[PDB]
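Residue numbers (the UniProt record's numbering), protein chains in the order written: chain A, 2 to 205; chain B, 1 to 198; chain C, 1 to 198; chain D, 34 to 266; chain E, 30 to 251; chain F, 20 to 215; chain G, 20 to 215; chain H, 76 to 287; chain I, 20 to 241.
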Amino acid sequence: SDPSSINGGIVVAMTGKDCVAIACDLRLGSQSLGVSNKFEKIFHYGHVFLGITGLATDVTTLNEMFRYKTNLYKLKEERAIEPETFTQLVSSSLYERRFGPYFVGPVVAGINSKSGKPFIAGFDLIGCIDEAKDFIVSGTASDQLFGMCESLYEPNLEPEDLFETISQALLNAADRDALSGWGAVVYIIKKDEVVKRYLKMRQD
Amino acid sequence: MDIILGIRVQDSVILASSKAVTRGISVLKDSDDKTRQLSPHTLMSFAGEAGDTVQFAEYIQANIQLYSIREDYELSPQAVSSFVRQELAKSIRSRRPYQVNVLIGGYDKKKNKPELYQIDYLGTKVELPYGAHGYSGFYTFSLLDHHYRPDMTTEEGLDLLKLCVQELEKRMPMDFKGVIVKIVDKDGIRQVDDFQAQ
Amino acid sequence: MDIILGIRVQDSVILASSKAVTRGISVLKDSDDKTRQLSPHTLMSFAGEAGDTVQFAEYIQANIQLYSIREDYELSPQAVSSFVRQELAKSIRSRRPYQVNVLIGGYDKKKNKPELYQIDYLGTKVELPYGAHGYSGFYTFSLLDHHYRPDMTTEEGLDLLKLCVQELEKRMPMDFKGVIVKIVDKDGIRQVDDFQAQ
Amino acid sequence: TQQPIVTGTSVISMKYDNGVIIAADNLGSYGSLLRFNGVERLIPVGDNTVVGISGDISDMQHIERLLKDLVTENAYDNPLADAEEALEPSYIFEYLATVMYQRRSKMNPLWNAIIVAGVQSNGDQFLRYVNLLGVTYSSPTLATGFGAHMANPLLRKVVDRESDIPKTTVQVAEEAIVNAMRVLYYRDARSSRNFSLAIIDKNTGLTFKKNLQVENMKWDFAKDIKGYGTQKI
Amino acid sequence: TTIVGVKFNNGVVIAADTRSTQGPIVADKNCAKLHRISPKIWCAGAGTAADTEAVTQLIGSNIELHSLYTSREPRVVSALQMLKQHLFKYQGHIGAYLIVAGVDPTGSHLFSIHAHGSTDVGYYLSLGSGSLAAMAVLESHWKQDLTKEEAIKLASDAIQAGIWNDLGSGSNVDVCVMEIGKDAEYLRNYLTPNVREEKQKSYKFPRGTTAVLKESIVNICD
Amino acid sequence: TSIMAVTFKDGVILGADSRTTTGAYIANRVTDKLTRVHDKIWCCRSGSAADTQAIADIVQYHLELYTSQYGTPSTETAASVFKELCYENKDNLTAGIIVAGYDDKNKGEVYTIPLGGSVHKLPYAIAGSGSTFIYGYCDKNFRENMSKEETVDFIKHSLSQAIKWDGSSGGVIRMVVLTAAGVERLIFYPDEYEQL
Amino acid sequence: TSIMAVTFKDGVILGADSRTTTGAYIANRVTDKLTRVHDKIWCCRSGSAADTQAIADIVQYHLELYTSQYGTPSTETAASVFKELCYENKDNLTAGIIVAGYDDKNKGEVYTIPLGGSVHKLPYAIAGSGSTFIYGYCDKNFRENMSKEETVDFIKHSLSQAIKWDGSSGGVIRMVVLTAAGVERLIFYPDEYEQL
Amino acid sequence: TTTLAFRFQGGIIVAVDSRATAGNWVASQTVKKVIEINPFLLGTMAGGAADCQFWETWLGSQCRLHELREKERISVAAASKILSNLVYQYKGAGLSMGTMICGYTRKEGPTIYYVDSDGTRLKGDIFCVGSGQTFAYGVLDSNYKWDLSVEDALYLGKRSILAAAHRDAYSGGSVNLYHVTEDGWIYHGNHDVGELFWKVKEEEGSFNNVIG
Amino acid sequence: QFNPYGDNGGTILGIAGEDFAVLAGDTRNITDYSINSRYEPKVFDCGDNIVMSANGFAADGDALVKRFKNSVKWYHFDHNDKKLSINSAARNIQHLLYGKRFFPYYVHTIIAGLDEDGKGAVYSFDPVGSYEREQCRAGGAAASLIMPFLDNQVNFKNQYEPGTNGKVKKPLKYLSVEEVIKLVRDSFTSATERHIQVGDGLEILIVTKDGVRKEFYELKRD
Ligand SMILES: Cc1ccccc1CNC(=O)[C@H](CCc1ccccc1)NC(=O)[C@@H](NC(=O)c1ccc(OCc2ccccc2)cc1)[C@@H](C)O
Ligand SMILES: [Mg+2]
Ligand SMILES: [Mg+2]
Ligand SMILES: [Mg+2]
Ligand SMILES: [Mg+2]
């Protein structure tokens with residue numbers, strides 16, 4: 002009944018050697034009732050990826066708002082928005098609603114197209130930026146996610162290795178949370194190509 | 001509590017809505033139609049708070065109808081549902097939000113697919129093979145998880161609902177006075193007006 | 001809300017009691033007998049809070065049965081009803097009061113007259129030609145004010161009761177899964193095993 | 034249910050190489066009124082234990098009576114009362130811990146935070162805390178109330194783990210205690226300039242210092258402070 | 030959070046711990062809490078992190094415009110006045126607690142600001158949960174006419190008292206030295222005494238450990 | 020907080036302790052509660068620090084604008100401006116201000132504005148949590164037309180008693196002397212005043 | 020209520036105002052707040068009139084029984100009985116009691132028992148709602164071993180300030196003098212003490 | 076939690092999940108929600124673990140005592156009523172337990188009693204109890220026949236818990252299966268949902284809400 | 020109002036081997052944001068080769084351990100010195116806890132020992148005496164951080180055989196006391212990094228068919 006708990010949902014992002022990964026679960030619940038098995042929580046504007054947990058209506062509203070804004074950006078600037086810049090756009094957009102916030106835990110993943118360096122960021126619901134360079138977590142199993150990442154993570158992982166770490170981090174966190182799970186998608190983001198995998202997991 | 005069910009088969013979408021309207025200690029009507037036609041190929045069903053329910057539906061209907069006449073063209077189920085979602089999403093943060101849950105069932109003539117959208121009063125939208133609002137979902141979801149197949153005929157879809165209604169008439173505390181059933185397909189919206197004494 | 005009706009005709013008392021037991025969003029049972037025989041010619045029906053209902057009934061039953069064996073005698077319906085009232089009266093000012101309303105229907109062999117007692121959880125007793133507990137009375141009292149006659153046969157009483165059950169099935173918001181009907185007269189207590197579609 | 038009335042602030046304490054030091058100011062507050070001024074909050078039991086109490090003073094006075102009654106009772110039919118069967122710090126503590134816990138469990142607590150300080154019969158230092166919930170713990174440094182927030186950080190700079198306690202002389206420890214008391218007097222609005230200090234040593238025994246004062250206070254820099262931002266004169 | 034400001038004979042220094050928290054959980058182990066208002070006016074926040082950041086950036090923006098307009102160096106009393114007036118207007122609801130410090134043409138300044146908008150002037154200040162651990166150190170060691178070296182050591186030791194003794198504070202010490210002579214020197218991770226020790230074991234998974242349902246390449250361009 | 024203002028033969032003196040608390044913690048032990056709103060118009064603040072600082076800033080502003088248009092404002096005028104702000108916004112303010120100033124015609128004057136926003140002209144005035152403890156003392160010892168060294172003594176003694184009994188009061192005692200002479204600042208330290 | 024006890028050279032004196040209020044109504048302007056629990060042990064009561072009367076009556080009972088068996092109770096004994104009742108029943112009593120007595124051995128003694136139930140032996144004690152206004156005055160004027168007439172003056176002046184500021188205090192000042200002499204009841208009317 | 080027991084031609088099917096929660100935290104996935112009172116008696120557990128665990132274990136002791144005292148096994152009716160009456164003594168103190176007592180005796184036949192902490196005690200052929208009850212009820216009711224084979228009935232039981240484990244956030248882990256006969260409980264094993272879901276999807280063509 | 024409960028931090032963790040068991044817990048005791056002690060054991064050898072921790076409210080933790088240590092003692096007196104088997108201890112502890120069902124001990128409690136067949140055994144309890152035997156269990160403040168790790172690294176959950184298409188699981192096996200103590204120290208360094216209440220020191224108790232052995236490791240002090 003606390004808005005950040007109604008639908009349930011986890012996002013995690015990790016950096017590795019010349020790559021980033023962002024993963025999310027697929028459940029959309031209404032309290033105990035599992036409602037949808039296909040609710041993805043990761044979006045992408047150009048090469049910039051946004052995962053959003055929390056109230057699902059806000060998740061949808063935010064994606065549509067950032068599509069809208071990055072489109073207008075691309076038209077005026079005649080280039081794709083960069084992760085660092087987008088982070089700033091997320092931050093100030095959320096703070097614009099300081100006193101009636103969107104109940105969400107946004108995560109940004111992407112590689113800088115000019116410098117090639119991997120970039121991740123998290124935010125709280127009013128736009129405060131978490132500037133960790135290893136991993137970012139969010140959602141109703143964030144506790145479990147922090148536990149997994151801090152144990153499993155190591156710097157400079159190769160994309161195929163990073164896929165294992167992020168997937169194992171997500172999967173095992175999901176499985177200690179009643180409200181998250183029911184499917185998982187992982188994005189592996191390499192400057193040049195993006196592979197998206199759907200995971201096999203417990204449907205309970 | 002108000003039963004609003006939707007099931008999407010292969011060539012059509014089927015909506016079933018309860019017929020009771022109950023204020024307090026009395027059932028005031030046993031034949032209420034909890035549905036508005038949005039376009040020749042788009043039907044919306046609704047449950048929720050006493051006043052808001054019909055005002056919202058009609059407000060949506062007038063807007064879609066207006067759009068239709070302005071462009072001499074029928075918006076897709078997907079486009080209609082996004083409109084409906086955005087309306088609810090604005091509403092949730094206004095002074096007095098509409099407390100209305102909806103199912104939108106339509107046939108997309110361009111894609112030749114049937115489409116079912118579940119949207120709650122908060123503006124949470126999802127496409128589903130089958131859907132429900134309120135307490136009824138706590139029974140029907142698992143029943144359809146079992147018996148539902150993606151490639152069913154309309155006639156098979158109507159048997160799946162007969163099962164859903166039966167189950168709700170057995171285990172729900174309240175007498176919802178049967179359901180009105182409507183099919184949305186490539187031809188449009190018709191009423192299977194003989195479902196209760198069937 | 002639990003339907004509990006009683007009507008006193010000329011030579012008998014008829015008790016009718018809803019069959020559903022509902023906890024939350026689920027009907028757990030559709031054949032619940034909300035009755036206890038207190039003695040060969042006295043019947044008591046009950047409705048109220050979940051646990052106290054049966055616990056109270058069976059406690060009264062144990063007591064009246066104890067009496068019968070001690071005295072080799074059946075207490076008059078009027079004496080049983082007085083015993084029941086006092087038990088409820090003491091209960092209302094106790095630590096945790098019994099939340100049960102009752103109907104006592106009895107045939108008094110020493111006077112050859114049927115008798116109906118309505119007693120609520122407060123210990124409010126009153127003898128009636130017809131009575132009800134809960135919301136059902138809001139329908140049935142007016143119907144019987146109209147349709148009831150002091151000289152009706154048992155069979156006429158059953159028609160009048162059927163008329164009451166029809167009204168409730170039409171107008172009450174809850175599904176109470178029909179009634180179990182019982183007749184108390186000189187030849188004792190018997191159940192009308194067909195009523196749900198009689 | 035209940036609420037403290039007349040209260041008395043921190044009790045601060047640390048271990049050193051031979052024994053323990055404990056101090057407490059002599060104030061008894063009544064809300065924000067600095068009402069009473071010669072309140073002793075250090076309670077010597079025998080001559081190997083000092084009990085320091087903060088919180089509600091009426092409860093403190095009750096625990097005082099309990100402790101005296103315990104010395105009396107231990108003496109009864111006990112010819113080794115001042116030798117082998119003398120009250121140990123650890124006995125006094127366990128007793129109080131029991132009382133405090135039973136009291137919270139009855140929903141009627143003794144509204145206090147207590148530190149028991151002393152030296153065992155084998156020379157070992159004893160330093161343990163108990164409070165109104167019956168929570169107990171032990172550490173090279175212990176403080177109650179504000180002392181927990183301000184004395185500990187300072188005292189821990191001196192004795193940061195067990196292995197620092199051989200290394201810490203009486204002089205160093207008392208200096209740290211005396212300085213911590215000044216800092217509390219600077220920043221705790223419910224505190225006083227006068228305090229008692231006691232040292233329980235394995236050689237020296239019990240040294241109870243009364244009527245101590247905070248000295249060497251820095252106030253001179255106040256004259257330069259004008260306004261709250263823009264004002265120059 | 031532990032933040033301090035210490036004045037010395039030729040300027041002012043500020044320090045902070047680098048832990049950010051969400052209730053009992055550490056979200057960021059090395060965040061920057063030292064914000065820049067203008068080149069030589071720096072700031073440290075406590076309370077709602079989004080509020081301290083935002084209020085710092087807003088006043089920082091307006092101070093720049095003010096500076097360009099007036100063709101003058103920004104003054105600390107200006108940052109102070111703008112901040113307090115903004116915070117007051119919000120009766121508290123913007124949960125920013127700041128130590129603002131800097132140098133300008135009139136000298137060197139150290140102030141604190143509370144969420145409701147009251148300001149205090151001082152020679153040494155601390156805010157945040159580690160506030161009392163840091164103040165215990167300052168009251169114990171502060172003196173008039175400190176050198177730059179002494180003020181850096183005192184500031185640093187105070188943050189440390191916060192790191193070790195306050196559960197809301199940890200990781201590393203950030204410092205910024207504003208001297209009347211030269212530029213502001215931002216000293217990031219001045220101390221790093223909380224290095225995470227080497228893991229007992231690697232948890233690198235054999236490839237193919239995770240079960241995959243289906244795979245696909247995502248398109249970026251147009 | 021302990022604040023006081025006292026008229027005497029040559030002008031008026033404002034005095035105050037230097038302690039600010041949040042709860043029982045001393046946020047500032049060297050606070051300057053003596054506030055200048057004009058050359059020879061000063062005030063003392065009690066209640067919310069936020070509120071009283073915001074109010075003193077607007078008054079300072081109004082009196083500066085006043086001077087540029089109409090010469091020096093009288094002390095009464097300054098009190099009226101304080102009162103206007105305190106009364107009109109009483110609901111969202113917790114402000115207890117003492118206004119004191121020296122004028123050539125009117126010599127020393129003291130005005131007290133308590134919580135509601137009423138104004139009172141007085142020979143002397145005391146406020147803040149500290150003041151309850153010195154009502155008896157102050158009433159028993161104040162005389163009209165005291166000398167500068169007498170008024171300093173009276174403020175010193177009173178505030179030291181206030182500081183002795185109130186937890187929310189303490190630190191150094193600050194005074195501002197307002198006469199024809201000029202403006203004089205005074206400070207007295209615990210070692211000095213605790214002895215009295 | 021304004022109540023105080025002061026030890027001096029030859030014994031101890033208790034003083035009190037005579038006002039009892041319910042809200043702003045004066046239920047009694049001539050109350051005797053000076054209560055005898057033994058010949059030369061007396062007390063002043065504050066807080067709940069019901070609570071303190073009931074307490075005083077129990078103490079008087081205990082000391083009468085005490086005198087029958089063991090002889091004259093010490094003041095400390097009297098204070099201990101008061102504390103016992105007040106402490107053991109702190110969670111049903113709003114009682115603040117000042118105890119004052121005289122015996123040949125220990126001379127004049129004063130004990131104050133505030134709300135908690137704690138006991139405090141003091142050279143003098145003040146209490147009641149009017150006491151707050153005289154902390155400064157009393158601490159500044161009390162000396163040890165004053166004469167009877169000096170002490171009477173000290174209470175007279177202290178209570179008149181307390182009465183002057185506190186609306187719950189007022190009426191006449193009653194005093195009880197406790198010495199070897201003797202017990203002496205004094206009274207002072209507004210027309211005398213207001214002019215101080 | 077989800078627990079069910081139903082009566083059919085060939086006795087009783089008892090089926091339960093194995094998930095323990097505290098709030099949204101999954102506390103355990105391998106918990107025992109069935110107690111084996113005696114060779115012919117079973118009890119199920121829903122609601123507060125401790126309340127159930129402690130009072131159903133106690134019920135076991137009370138039943139055993141009856142055997143010694145009466146030289147005969149306790150009737151299901153009486154076993155249920157012991158627990159019923161105990162729970163009633165505690166009404167309003169906040170006990171939280173959903174319970175089924177299932178078993179066989181010669182005089183009664185196979186019998187199921189539902190007993191909760193409100194004091195409600197009911198005899199019936201079908202009960203589902205727990206936060207997942209409605210989900211189990213949906214599958215169970217729509218495929219229930221009196222004449223189901225033993226093999227079919229065990230599966231319908233198995234399938235109904237799966238239904239519930241999938242939809243209800245607070246159900247899951249594994250299915251525990253029991254059959255009660257005239258001779259009378261036999262354990263039909265533990266079935267982890269981790270594997271069972273995918274197996275049942277494959278073999279039955281159900282669960283089309285799930286991608287992949 | 021008076022709240023009879025507090026929260027002293029503190030995390031505990033038990034893993035059962037084949038012929039051993041470990042019970043580990045950090046040695047830090049906290050109240051709100053302050054540190055009470057850096058070394059306060061909350062794991063205890065209770066006699067009869069059983070080790071115990073009751074974590075959460077330390078007053079209730081200590082009361083329960085005390086009371087159980089007494090159960091062991093009075094079991095010896097009433098049953099001719101019979102050893103108290105781990106399962107019997109579990110059942111006993113349930114009754115201690117349920118005994119206070121309507122004013123609970125506010126502790127998550129864990130016991131470790133060897134079962135009748137000499138196998139490693141771990142039992143865990145909620146505050147009101149619900150209990151289960153388990154292969155491993157974390158309890159306390161960072162339980163949510165450590166449990167999923169153990170699910171992954173002790174019971175190999177979500178780990179499949181490379182190449183088998185995720186259709187064949189990684190086989191569950193017993194771990195050595197060296198491989199267990201590795202997981203423990205790692206679990207705790209992870210927990211220290213992310214949770215403000217966990218730190219200072221780690222104490223592990225190991226139980227074998229020779230008794231109880233103790234091991235200590237320094238943890239981060241921030
Ligand atoms: C049927 C049964 C039988 C065995 C195993 C599982 C179940 C199913 N059942 C649960 O999984 C329930 C669901 C939540 C639920 C709980 C109670 C009633 C209904 C639903 N969980 C629990 O009972 C867990 N404990 C707790 O939830 C708690 C127990 C004690 C607590 O103590 C808090 C406290 C302590 C002191 C003072 C005040 C509060 C807090 C949480 C236990 C699996 O660790
Ligand atoms: Mg589930
Ligand atoms: Mg008066
Ligand atoms: Mg055994
Ligand atoms: Mg930590």
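Note that CB positions come from ideal geometry on N, CA and C, so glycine has one too.
Can you tell me the Cα-Cα spacing of residue i and residue j, whole angstroms?
{"i": "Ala97 (chain F)", "j": "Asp57 (chain E)", "result": "51 Å"}
{"i": "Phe56 (chain C)", "j": "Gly9 (chain A)", "result": "45 Å"}
{"i": "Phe161 (chain F)", "j": "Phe173 (chain F)", "result": "7 Å"}
{"i": "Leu160 (chain D)", "j": "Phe76 (chain I)", "result": "21 Å"}
{"i": "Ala211 (chain H)", "j": "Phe83 (chain H)", "result": "17 Å"}
{"i": "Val195 (chain F)", "j": "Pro68 (chain E)", "result": "37 Å"}
I'd like to confirm something about residue i: is its beta-carbon nearer than 8 Å to some heavy atom of ligand 4, or not?
{"i": "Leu103 (chain I)", "result": "yes"}
For residue i versus residue j, is the C-beta spacing smaller than 9 Å?
{"i": "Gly207 (chain H)", "j": "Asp126 (chain H)", "result": "no"}
{"i": "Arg38 (chain G)", "j": "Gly189 (chain G)", "result": "yes"}
Beta carbon of residue i: closer than 8 Å to some heavy atom of ligand 1?
{"i": "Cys127 (chain H)", "result": "yes"}
For a test of your reading of the model: does the CB of residue i fall under 8 Å from any non-hydrogen atom of ligand 2? Yes or no.
{"i": "residue 243 (chain A)", "result": "Residue numbering for chain A in the displayed model covers 2 to 205; residue 243 (chain A) lies beyond these limits and cannot be assessed."}
Beta carbon of residue i: closer than 8 Å to some heavy atom of ligand 5?
{"i": "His115 (chain E)", "result": "no"}
- Message: Give me the subset of the segment 144-166 of chain A whose CB atoms are less than 9 Å from a CB atom of chain I, sorted by chain position.
- Response: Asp144, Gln145, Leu146, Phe147, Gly148, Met149, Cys150, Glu151, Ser152 and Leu153
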